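S.K.: Take this structure, written in C-alpha cells, and hold onto it; I'll ask about it next.
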Amino acid sequence: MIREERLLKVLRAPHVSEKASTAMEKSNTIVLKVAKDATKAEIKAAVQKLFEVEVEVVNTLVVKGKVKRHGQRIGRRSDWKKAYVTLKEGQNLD
Amino acid sequence: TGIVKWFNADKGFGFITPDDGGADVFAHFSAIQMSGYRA
Amino acid sequence: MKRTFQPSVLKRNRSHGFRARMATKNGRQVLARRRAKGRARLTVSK
RNA sequence: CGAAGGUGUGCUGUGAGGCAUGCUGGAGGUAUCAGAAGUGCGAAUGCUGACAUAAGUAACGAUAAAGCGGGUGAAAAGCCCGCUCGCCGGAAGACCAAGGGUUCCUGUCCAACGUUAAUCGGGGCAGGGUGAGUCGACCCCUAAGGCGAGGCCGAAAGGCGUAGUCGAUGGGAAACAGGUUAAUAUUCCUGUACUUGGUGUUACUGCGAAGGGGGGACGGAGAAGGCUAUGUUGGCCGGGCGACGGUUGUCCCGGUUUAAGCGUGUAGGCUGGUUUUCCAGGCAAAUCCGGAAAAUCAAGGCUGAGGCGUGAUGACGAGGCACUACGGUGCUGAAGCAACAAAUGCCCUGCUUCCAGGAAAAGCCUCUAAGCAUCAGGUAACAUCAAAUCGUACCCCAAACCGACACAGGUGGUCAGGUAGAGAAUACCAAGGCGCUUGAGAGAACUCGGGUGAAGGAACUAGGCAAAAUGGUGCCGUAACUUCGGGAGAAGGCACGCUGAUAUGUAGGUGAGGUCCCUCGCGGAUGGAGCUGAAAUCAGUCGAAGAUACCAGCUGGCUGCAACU
RNA sequence: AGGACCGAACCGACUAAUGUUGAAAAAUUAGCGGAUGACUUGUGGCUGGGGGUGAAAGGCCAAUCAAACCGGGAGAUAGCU
RNA sequence: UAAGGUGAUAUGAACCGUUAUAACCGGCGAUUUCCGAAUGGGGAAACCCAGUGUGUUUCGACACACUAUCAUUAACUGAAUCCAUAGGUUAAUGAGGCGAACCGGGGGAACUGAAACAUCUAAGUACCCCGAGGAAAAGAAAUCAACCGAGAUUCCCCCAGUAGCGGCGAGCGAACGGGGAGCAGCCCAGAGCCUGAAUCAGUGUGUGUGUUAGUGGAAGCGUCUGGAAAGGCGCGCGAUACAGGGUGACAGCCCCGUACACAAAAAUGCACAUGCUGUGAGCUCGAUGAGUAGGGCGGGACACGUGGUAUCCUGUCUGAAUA
Ligand SMILES: [Mg+2]
Ligand SMILES: [Mg+2]
Ligand SMILES: [Mg+2]
Ligand SMILES: [Mg+2]
Ligand SMILES: [Mg+2]
Ligand SMILES: [Mg+2]
Ligand SMILES: [Mg+2]
Ligand SMILES: [Mg+2]
Ligand SMILES: [Mg+2]
Ligand SMILES: [Mg+2]
Ligand SMILES: [Mg+2]
Ligand SMILES: [Mg+2]
Ligand SMILES: [Mg+2]
Ligand SMILES: [Mg+2]
Ligand SMILES: [Mg+2]
Ligand SMILES: [Mg+2]
Ligand SMILES: [Mg+2]
Ligand SMILES: [Mg+2]
Ligand SMILES: [Mg+2]
Ligand SMILES: [Mg+2]
Ligand SMILES: [Mg+2]
Ligand SMILES: [Mg+2]
Ligand SMILES: [Mg+2]
Ligand SMILES: [Mg+2]
Ligand SMILES: [Mg+2]
Ligand SMILES: [Mg+2]
Ligand SMILES: [Mg+2]
Ligand SMILES: [Mg+2]
Ligand SMILES: [Mg+2]
Ligand SMILES: [Mg+2]
Ligand SMILES: [Mg+2]
Ligand SMILES: [Mg+2]
Ligand SMILES: [Mg+2]
Ligand SMILES: [Mg+2]
Ligand SMILES: [Mg+2]
Ligand SMILES: [Mg+2]
Ligand SMILES: [Mg+2]
Ligand SMILES: [Mg+2]
Ligand SMILES: [Mg+2]
Ligand SMILES: [Mg+2]
Ligand SMILES: [Mg+2]
Ligand SMILES: [Mg+2]
Ligand SMILES: [Mg+2]
Ligand SMILES: [Mg+2]
Ligand SMILES: [Mg+2]
Ligand SMILES: [Mg+2]
Ligand SMILES: [Mg+2]
Ligand SMILES: [Mg+2]
Ligand SMILES: [Mg+2]
Ligand SMILES: [Mg+2]
Ligand SMILES: [Mg+2]
Ligand SMILES: [Mg+2]
Ligand SMILES: [Mg+2]
Ligand SMILES: [Mg+2]
Ligand SMILES: [Mg+2]
Ligand SMILES: [Mg+2]
Ligand SMILES: [Mg+2]
Ligand SMILES: [Mg+2]
Ligand SMILES: [Mg+2]
Ligand SMILES: [Mg+2]
Ligand SMILES: [Mg+2]
Ligand SMILES: [Mg+2]
Ligand SMILES: [Mg+2]
Ligand SMILES: [Mg+2]
Ligand SMILES: [Mg+2]
Ligand SMILES: [Mg+2]
Ligand SMILES: [Mg+2]
Ligand SMILES: [Mg+2]
Ligand SMILES: [Mg+2]
Ligand SMILES: [Mg+2]
Ligand SMILES: [Mg+2]
Ligand SMILES: [Mg+2]
Ligand SMILES: [Mg+2]
Ligand SMILES: [Mg+2]
Ligand SMILES: [Mg+2]
Ligand SMILES: [Mg+2]
Ligand SMILES: [Mg+2]
Ligand SMILES: [Mg+2]
Ligand SMILES: [Mg+2]
Ligand SMILES: [Mg+2]
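The following block contains the structure:
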C-alpha cells in the first residue's frame with residue numbers, strides 16, 4: 001500500500017500540449033508532469049485515489065533539461081518526468 | 006524573446022525577463038566573440 | 001589523419017576518474033591540490 | 001568667482017626646466033625648508049594594448065552545372081513552389097554502435113555567426129517533442145586483467161597474492177504485421193501472440209547441495225547439395241490508343257503485398273536401441289556418469305533449413321468517389337497466380353580434410369549427501385498478479401565525431417535493385433538523395449589539368465622522368481636455364497559484330513499434367529507439357545574499324561646484390 | 001594444398017606533378033605493392049622514463065624523444081650577447 | 001528589537017505587519033536528500049543490487065532500524081591432537097578521513113661554488129613518508145669548571161667570524177665564560193609504621209569577569225555665490241565626543257557614530273571558592289636500572305673531513321665491576 005503522503009507528493013502538474021489533447025480525445029490518456037522519483041505504481045495509485053478514476057496503464061519518460069543563456073550567462077533547466085496515463089474507457093476527467 | 010521573469014497563466018500574461026533575444030544579450034555574446042576571438 | 005584523441009568515456013573514467021584517483025595515495029594528493037586551488041570540476045567525472 | 005589633468009600661446013633661465021594665461025574639464029591641489037624613493041626610457045629579435053603598412057591586393061575551400069517562370073519580401077543568382085538540366089547510386093542512399101549532447105519539429109527575428117546577399121539556417125529567442133514485460137542497458141555468468149579479508153614480504157609509503165569480489169569485446173527467457181504524429185514508435189493504436197516469476201486451489205508424491213556428472217563448448221580451409229531473400233518473364237486485373245510517319249496489338253504503363261506465432265516434420269545430418277546383474281573410479285554417497293558381463297530387438301531416437309496449412313471472411317492494395325483552410329480529411333477498393341534464375345544469406349555449431357590441434361563459467365538437465373518425515377518441498381492443470389528502473393529526439397563516413405574552421409583528411413558494423421559484365425570492378429539508371437554558401441563577364445601573357453599533331457622517332461636527359469603504347473576470352477604455339485615446381489600469360493599469332501539455318505530455341509538444366517505402385521506421404525517410378533538456355537558450324541551482310549565505349553600485362557637480352565613471402 | 005597466381009574491398013606507400021601564408025602542421029590526382037596470411041580490424045586490458053617496447057631506423061611512448069610531460073629545487077650557472 | 005517588510009541581478013505580482021508570535025539580530029534546539037573516510041555488497045562519484053529483524057496491508061505490497069574493516073576486552077564455541085591451542089561467532093568501546101603554518105622523527109638529492117673536478121660545498125637543504133599538540137621537543141647533571149666555585153631545560157645579546165676544522169683550498173665555524181627573559185621540581189624500581197593526611201584529575205554548585213544580540217549618547221542659525229552649501233562672510237553653542245564615514249561642492253553642532261555610561265532569558269570560556277568521587281601525604285629502614293658500560297670492525301653525529309682525537313649513536317662480533 002503506497003502511503004497517501006507520497007501519493008500527494010508524486011503528482012506535480014498536468015502537461016498541456018497538442019499531443020496531450022490528442023491523447024486525451026483519442027486514446028483517453030492524460031499527460032502528467034510527475035515527480036522525478038515517481039514510479040508507475042505510485043502514479044497509478046495516485047490517479048486511482050486522488051482523481052477517483054480507473055487507470056489502465058502508465059507509460060513514463062524522462063525529459064532532459066535544456067541549456068539556456070539568460071542574457072550572456074549560460075544555464076541549464078531541470079530534468080522532469082512525464083507520464084502518459086491511459087484511463088479505462090468510460091472514465092472521464094477535467 | 007524575453008525569458009519569463011514569470012508568466013501568469015491565469016489569462017496568459019505576466020512579466021518576462023526581456024532576453025527579448027536581446028541582441029544586447031547577444032551583444033554580450035559578441036563581446037564573448039571578441040574574447041574567445043582573442044583566445 | 002588519425003589524431004591522438006579518440007574518445008571513450010569508459011576509458012576516460014577508468015583512467016582519470018574519481019574513484020581511480022581516490023584509489024591510490026598520489027591520486028588523493030591530486031584531489032587535495034585541486035581543492036586547494038579551488039577547481040570547480042575536480043575531476044573528469046560528470 | 002573653477003583644482004588636477006588635457007590642449008594652445010606668450011615670457012623667462014646656461015640646461016634639466018620654470019611662470020602667467022586662453023579653451024576644455026568639473027574637484028581637488030599645495031608654497032617654503034627638510035626627509036624617503038617602485039625617481040626620469042628610444043632601442044633590450046623587450047612586455048601588454050591600440051593603430052598602421054603591403055591593399056581594397058591574394059583569396060572566397062574540389063572543374064557534379066545550372067536555366068526560366070511564379071511567390072514571399074524593404075529588397076531575391078542563392079529562400080519556397082513549379083518545369084527542365086546535370087551528379088552519386090557497394091553511395092554523395094538507408095539503419096546503428098562509439099562519440100556528441102537538443103543540433104529534432106513549429107512559430108518568429110537578421111544585429112552577430114555563417115568566407116557574398118540573405119526573407120534562409122545545424123544562428124538568436126520562445127514553445128513543443130523522446131511513451132517498451134519482449135529492443136538495449138541494468139541483471140545472472142565469467143575471460144584477459146584489476147582490487148584484494150586474512151597472509152607473505154618490505155625503512156615508511158607500499159609490493160605480491162589466497163578465499164573472494166569486480167570486470168564484455170563473449171554466454172543467458174520472450175513480438176510480429178499493419179496504421180498513425182509537425183516531430184516517437186517492434187515503445188502509441190488495432191489485430192494476433194509469447195516469456196519468466198510469484199501467490200492460491202485441485203490431483204499426484206521423494207524433495208533436497210557450496211558437492212558429482214552431462215551440457216553450454218567452441219579451429220582453419222575446402223567441397224557440393226537443398227533452399228530462401230530477391231529478380232525476370234508470363235498470366236491476371238485496372239487504365240491507355242498516343243503533339244510527327246505508324247501503333248486494337250506478338251501494343252504501352254502500373255499493380256500482383258501479406259508477419260510473428262501455432263500445427264505438420266521434409267531435404268538432409270548424427271546415432272545402434274532396450275532390459276538386468278556386478279564394479280579398486282568420479283574427495284562421501286549415488287538410482288547419475290564411467291566401466292565389466294549376459295539377454296533381446298534392427299529400429300528406436302536427437303537435430304533440422306525450407307515448404308504447406310492456419311494466422312488472414314482480415315489487413316494492405318492500383319485506383320476511384322467527395323469535401324476542402326489546397327495542406328489535406330473522409331469513404332470505397334479490382335487482381336492479388338505461376339514458371340524460371342538465384343545468393344557471399346539459411347540448413348551448416350553441418351560434412352570432408354589438415355596441423356599450427358583450436359575460451360571459461362552460469363543458465364539448463366540429472367545424481368545423491370546431510371537434512372525433512374506425510375510437514376516441507378516437487379510437476380501437472382487452472383485462476384490471479386507482476387515484470388520495476390534507466391535509455392529511446394538528432395547526426396553517425398558526417399556541416400552535428402577526432403582534426404583550432406560549416407577543413408577535399410580520418411572513423412567500426414548492417415542492407416546490397418536493374419542492364420551489360422567473371423565480379424561488391426566499371427559504365428548507364430532506379431529507390432532515394434544532391435548540384436559541394438560568392439557571383440557576372442571577357443576569352444592576353446603565364447601557370448594547372450587534359451585533347452590532337454606534319455616529317456623524324458630518345459637525337460632530350462644524370463637517367464626514356466613523364467607521357468605514349470600494351471591490355472580481354474578461346475585456340476595454336478612457346479627458348480636458355482632449373483632446386484623438375486617452374487620459367488610461362490614466355491615470346492609470337494589466328495578468330496571475335498549482326499542476321500538466318502541446323503534447331504520457327506539445339507545440347508543441357510528444370511520439371512507439370514496424366515498414369516501406376518505403396519509399409520501412404522512434404523512418398524517412389526513413369527511421363528514429358530511449359531519455362532530457361534549456352535556453345536558451335538555453314539551461309540549471308542554492314543562499317544575505315546566487331547575484346548568497338550568504360551575496364552584492361554609493354555616485351556625480351558646481359559649483369560651486381562639479397563635465397564624467397 | 002599453398003607465408004601460391006591475377007585482381008576490388010581492406011592494409012600499405014614506389015614514382016611523378018600540384019600544392020608548400022596548403023583544402024590539409026604530410027594531403028590530392030594519375031599510376032604502384034600485398035591481398036588465406038609472419039594478414040587485417042573493433043572493443044577492453046597490461047608494460048612508465050635511464051624506464052618501457054622494438055622483424056632494430058636510435059625507431060615509437062598523445063602533432064614533443066641520443067632519455068617524455070607537468071610541478072618543484074629555481075631567480076641553476078652563464079669569464080657569453 | 002521593531003514600523004516596516006516578503007535575499008540579489010530585478011521590476012512586477014500576490015500578500016504580511018504597525019504595540020506586538022510582521023520582518024531583522026543572537027542563544028539553544030528540530031529537520032538536515034545523494035556522493036564523498038562512506039562504513040550492507042558493488043561501482044565508470046552523486047549510481048546499481050540486497051539481507052535480517054520489527055511493524056503495517058485496502059494482499060498490490062509499503063515503513064523503520066540494523067548489517068564495513070581493524071585494534072582491545074569479555075562471553076560462547078572450537079581442529080589436526082588427549083587436554084590444549086589455532087581458528088570461528090557474538091557483544092561492547094575506540095579508531096579510520098580532512099586541514100594553512102609551526103614541531104619531532106624515518107629516508108634523503110642535484111644544479112651550484114671550488115673560476116675544471118672526484119674529497120669538500122650546496123645541505124641534512126628541496127622533496128617523500130610517519131606521528132602529535134596548541135604549541136611541540138628537550139628537561140632536573142654519570143653536567144661544567146678549575147683546586148675558586150657554579151647548579152634542570154629552552155630563547156635573546158655577547159664571547160667571536162675567535163679557537164679550531166679544512167685538496168689547511170673553497171669554505172664550515174664553536175665552546176668556556178658573561179649579561180638578560182623565564183623559572184618548579186618530582187616519581188617507580190619496597191617494605192613496614194602511622195592511613196586517606198598534600199596535590200592532581202573528574203564532576204557538581206556558587207561568585208566574579210568576559211564572549212555570543214543590543215540601549216542611550218551633546219551642541220547652528222542667518223546671508224552671498226551657485227544646479228545643489230557642508231564653501232565665503234557674520235553671529236553663537238558643545239566637547240571625557242574635532243576618531244571616522246555619509247549627505248546634491250570642504251559639516252564639531254544634518255545623519256550614522258564617537259567619548260562616556262549601561263545591558264543577557266539562554267549557552268559558554270576563564271578564574272576563584274567549595275561539595276562529592278577517585279587519587280594518595282608524611283616518617284623509618286632499605287634498595288640504587290647487564291647483554292649494559294666498555295672493547296674490536298664498518299659507518300654516522302658532535303664546529304672537529306681519523307687526524308695525536310676525546311665524547312655521543314650503533315649494523316656486526318663480544319663483553320665488566322656493581323657505592
Ligand atoms: Mg503499453
Ligand atoms: Mg575654465
Ligand atoms: Mg597628485
Ligand atoms: Mg587647467
Ligand atoms: Mg593646465
Ligand atoms: Mg615608450
Ligand atoms: Mg639608448
Ligand atoms: Mg621596443
Ligand atoms: Mg587597404
Ligand atoms: Mg601588388
Ligand atoms: Mg593582380
Ligand atoms: Mg583573384
Ligand atoms: Mg564553395
Ligand atoms: Mg569555390
Ligand atoms: Mg528565380
Ligand atoms: Mg549557386
Ligand atoms: Mg528548385
Ligand atoms: Mg550519372
Ligand atoms: Mg542551441
Ligand atoms: Mg531544422
Ligand atoms: Mg523558428
Ligand atoms: Mg540585412
Ligand atoms: Mg552575411
Ligand atoms: Mg536553431
Ligand atoms: Mg522506457
Ligand atoms: Mg534484452
Ligand atoms: Mg541478464
Ligand atoms: Mg581473476
Ligand atoms: Mg593484489
Ligand atoms: Mg592485508
Ligand atoms: Mg571483487
Ligand atoms: Mg560478477
Ligand atoms: Mg557485451
Ligand atoms: Mg525521425
Ligand atoms: Mg556442474
Ligand atoms: Mg522464390
Ligand atoms: Mg505519336
Ligand atoms: Mg501520328
Ligand atoms: Mg507488363
Ligand atoms: Mg507462417
Ligand atoms: Mg531515431
Ligand atoms: Mg549519410
Ligand atoms: Mg561549405
Ligand atoms: Mg569534411
Ligand atoms: Mg548497383
Ligand atoms: Mg562503382
Ligand atoms: Mg584558356
Ligand atoms: Mg595526347
Ligand atoms: Mg608528331
Ligand atoms: Mg606520323
Ligand atoms: Mg645532349
Ligand atoms: Mg643521349
Ligand atoms: Mg614511366
Ligand atoms: Mg599513359
Ligand atoms: Mg658492377
Ligand atoms: Mg629481399
Ligand atoms: Mg599469396
Ligand atoms: Mg593513390
Ligand atoms: Mg595481388
Ligand atoms: Mg646510426
Ligand atoms: Mg610523436
Ligand atoms: Mg628521462
Ligand atoms: Mg640525462
Ligand atoms: Mg639552489
Ligand atoms: Mg635565469
Ligand atoms: Mg528579497
Ligand atoms: Mg554502501
Ligand atoms: Mg566500498
Ligand atoms: Mg657536476
Ligand atoms: Mg657537485
Ligand atoms: Mg665549479
Ligand atoms: Mg612534553
Ligand atoms: Mg542608538
Ligand atoms: Mg548624536
Ligand atoms: Mg562637484
Ligand atoms: Mg640509576
Ligand atoms: Mg658502546
Ligand atoms: Mg674509545
Ligand atoms: Mg666504533
Ligand atoms: Mg657493545
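Protein chains in written order, with the deposited numbering: chain S, 1 to 94; chain B, 6 to 44; chain c, 1 to 46. Beta carbons: idealized from backbone N, C-alpha and C, even for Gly.
#1: Closer than 7 Å, Cβ to any Cβ of chain S: which residues of the region 22-36 of chain B, in chain order?
#2: How would you label S:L32, buried or exposed, when you count the other beta carbons within 10 angstroms and need 16 or more for buried?
#3: Is there a C-beta anywhere in chain B that falls below 7 Å from the one on S:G71?
#4: Would you kindly check if the distance between the Cβ of B:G19 and the Cβ of B:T6 is under 7 Å?
#5: If you measure between the beta carbons of S:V63 and S:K82, is that distance less than 7 Å?
#6: Can the beta-carbon of S:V10 be found closer than 7 Å to that of S:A46?
#7: At the level of alpha carbons, what is the spacing between S:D94 and B:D15?
#8: Return the residue from the list B:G17, B:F12, B:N13 and B:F31 that minimises the CA-CA distance to S:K68.
#9: Determine whether the beta carbon atoms of c:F5 and c:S45 lie at a separation below 7 Å.
#10: Which residues does DSSP pair with c:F5 in a beta bridge?
#11: Which partner residues of S:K9 appear in the DSSP bridge assignment?
#12: Start and end of the beta strand (DSSP E) containing B:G19?
#13: S:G75 by DSSP, collapsed to three states: which one?
#14: According to the neighbour-count rule (16 or more other Cβ atoms, all chains shown, within 10 Å of its Cβ), is S:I74 buried or exposed?
#15: For c:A36, count neighbouring C-beta atoms within 10 Å of its own C-beta (all shown protein chains included) and say buried if the count is 16 or more, exposed if not.
#16: If we call anything under 7 Å between Cβ atoms a contact, is B:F12 one with S:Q72?
#17: Where do the ends of the beta strand (DSSP E) carrying c:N26 lie?
M.R.: Looking at the coordinates:
#1: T22, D24, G27, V30, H33 and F34
#2: In the first sequence, counting from the first residue as 1, residue 32 of chain S sits at position 32. S:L32 should be labelled buried.
#3: As a working note, residue 71 of chain S is residue 71 in the first sequence. So yes, S:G71 belongs to the interface.
#4: Position 1 of the second sequence, counting from 1, holds the residue named residue 6 of chain B. Position 14 of the second sequence, counting from 1, holds the residue named residue 19 of chain B. No, these two residues do not count as a Cβ contact at 7 Å.
#5: Numbered from 1 along the first sequence, position 63 holds the residue referred to as residue 63 of chain S. Numbered from 1 along the first sequence, position 82 holds the residue referred to as residue 82 of chain S. Yes, Cβ-Cβ distance for S:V63 and S:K82 is below 7 Å.
#6: For the purposes of this step, residue 10 of chain S is taken as residue 10 along the first sequence, with counting starting at 1. For the purposes of this step, residue 46 of chain S is taken as residue 46 along the first sequence, with counting starting at 1. Yes. Within cutoff.
#7: Mapped onto the first sequence, residue 94 of chain S falls at position 94. Mapped onto the second sequence, residue 15 of chain B falls at position 10. Distance between the alpha carbons of S:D94 and B:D15 is about 17 Å.
#8: What you label residue 68 of chain S is simply residue 68 of the first sequence in a count that begins at 1. Nearest C-alpha to S:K68: B:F31.
#9: Reading the third sequence from its first residue, position 5 is the one you call residue 5 of chain c. Reading the third sequence from its first residue, position 45 is the one you call residue 45 of chain c. Not closer than 7 Å, so no.
#10: By one-based count along the third sequence, residue 5 of chain c stands at place 5. Bridge partners of c:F5: none, in fact.
#11: Counting from 1 along the first sequence, the entry for residue 9 of chain S is found at position 9. Per DSSP, none; premise fails for S:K9.
#12: For the purposes of this step, residue 19 of chain B is taken as residue 14 along the second sequence, with counting starting at 1. That run of the beta strand (DSSP E) goes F18 to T22.
#13: Locating residue 75 of chain S in the first sequence gives position 75, where the first residue counts as 1. In the structure shown, S:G75 sits in a strand (DSSP, three-state: E or B).
#14: Counting from 1 along the first sequence, the entry for residue 74 of chain S is found at position 74. Under this definition S:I74 is an exposed residue.
#15: Taking the first residue of the third sequence as position 1, residue 36 of chain c is located at position 36. Exposed, because fewer than 16 other Cβ atoms sit within 10 Å of the Cβ of c:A36.
#16: On the second sequence, position 7 is the one that residue 12 of chain B refers to. On the first sequence, position 72 is the one that residue 72 of chain S refers to. Not in contact: B:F12 and S:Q72 (Cβ atoms no closer than 7 Å).
#17: Mapped onto the third sequence, residue 26 of chain c falls at position 26. Where c:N26 is concerned, there is no enclosing beta strand (DSSP E), although the alpha helix (DSSP H) it sits in stretches over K25 to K37.
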